[PDB]
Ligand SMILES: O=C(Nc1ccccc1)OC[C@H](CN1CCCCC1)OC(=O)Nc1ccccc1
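Only one chain is given next, in structure tokens, and it is the form deposited without this ligand.
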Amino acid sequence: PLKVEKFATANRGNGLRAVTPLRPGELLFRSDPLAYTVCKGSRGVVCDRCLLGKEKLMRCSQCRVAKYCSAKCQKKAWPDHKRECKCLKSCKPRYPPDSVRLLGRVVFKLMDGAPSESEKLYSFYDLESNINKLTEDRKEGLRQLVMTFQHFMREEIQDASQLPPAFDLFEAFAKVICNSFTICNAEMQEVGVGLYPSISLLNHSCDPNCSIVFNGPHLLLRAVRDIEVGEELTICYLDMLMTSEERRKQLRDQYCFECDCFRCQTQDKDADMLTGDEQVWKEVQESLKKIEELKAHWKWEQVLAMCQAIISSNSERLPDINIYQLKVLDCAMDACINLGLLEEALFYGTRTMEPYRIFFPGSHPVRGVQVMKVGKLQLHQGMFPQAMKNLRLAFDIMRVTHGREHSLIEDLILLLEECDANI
């Protein structure tokens, strides 16, 4: 039986609340997506279905846009790819925005598919759209998406009759804007985008009592604090490495609300996040736009070159607790891991440890994975005691955030065995 229930909140629409007392690490819900797709940067880098990277992917012979890691994945993806195939083919070489491909998959799923388990607590139809809060600029954006969708879908959908009854394309894209989940791989690289409508019941907190993790497109919702009966369940919608100003802008632009939490009222941590010379971190913040774009396209060599010019600059440097500096170190570490530059990766990774401890309090899956990456680097270098403390710390965090149902935990147990036996 469910440990969570939908309820109507006083001032933030519908939410989820505990039906029984919950402890850290308690599995609360598991969901596949109602619909999902690979993101623009990872298209052709990860399998369309299982979202795992591979040096060589096979492509769908009809559209040559969908790509897969194996015959099995291509075959199993076919029912949900079949109708989009003709639309993807007939629009080459124009590839649609991610949201447009995602909505295509929603419409086909709702038209041809059995009722989805993802919609057990809340369906696509119930999703919040924030229509009466959208700015004129946002509305103009949505109208362009509607027309893009109508074009993309021409081959399969000619009119309302082939859409679910009373389906409003404008309102559907509005739901997508505030309800899309970014799907991350085991290394916490963004690889996909999906709708998980039951999970969409979780309201936001900059200091949450729950967490979500992805294992391919499969999502796990876990408690990360003690939660009493009737208490609202919350997740953080946002990157932890953001100032209250940055959080304000995103919660406004994407989700149409103002956060009244304690952290927003007091600018909790903002001063520490922005230490170092303002001129310097402004330029770093600007450069990070290009760096993140490159990372999103798995361009590790170019990512590294740009990060090294900042980390080892001839001019003034930032403290590692500065969030822009911190992100640069994170990107540099990941580029080094993927390029096999393990010594350099470890230098960057170890410098991130204390700032991560500060910015990801309690149990957060991003800290757990970062700590696991550092311990794994230490283990490969044969620094067994330093490795063992980090692997154990990773396990303390990830047993709460990931749990036994996540395959990455089994990988970590192997690493602890390998390190413990060597000790």
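The first residue of the sequence shown is number 1, and the count goes up from there.
Another form, the form deposited with this ligand bound, is not on view; read the next lines as being about it.
For this ligand, fitted onto this chain by superposing the C-alphas round its site in the deposited complex, the count of atoms within 2.4 Å of backbone or C-beta atoms is zero, giving an open pocket. By the 4.5 Å heavy atom rule, the three marked residues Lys373, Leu377 and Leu408 all count as contacting this ligand in the deposited complex. Contact with this ligand in the deposited complex, defined as a heavy atom within 4.5 Å, holds for exactly one of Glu343, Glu187, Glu301, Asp253, namely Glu187. Checking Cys91, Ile337, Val224, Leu274 for any heavy atom within 4.5 Å of this ligand in the deposited complex turns up a single hit: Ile337. Put simply, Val369 is close to this ligand in the deposited complex: some heavy atom of it is within 4.5 Å.
With this ligand left out of view, the stretch that reaches within 4.5 Å of it through heavy atoms in the deposited complex is, among 265 to 273, 179 to 187, 153 to 161, 313 to 321, 179 to 187.
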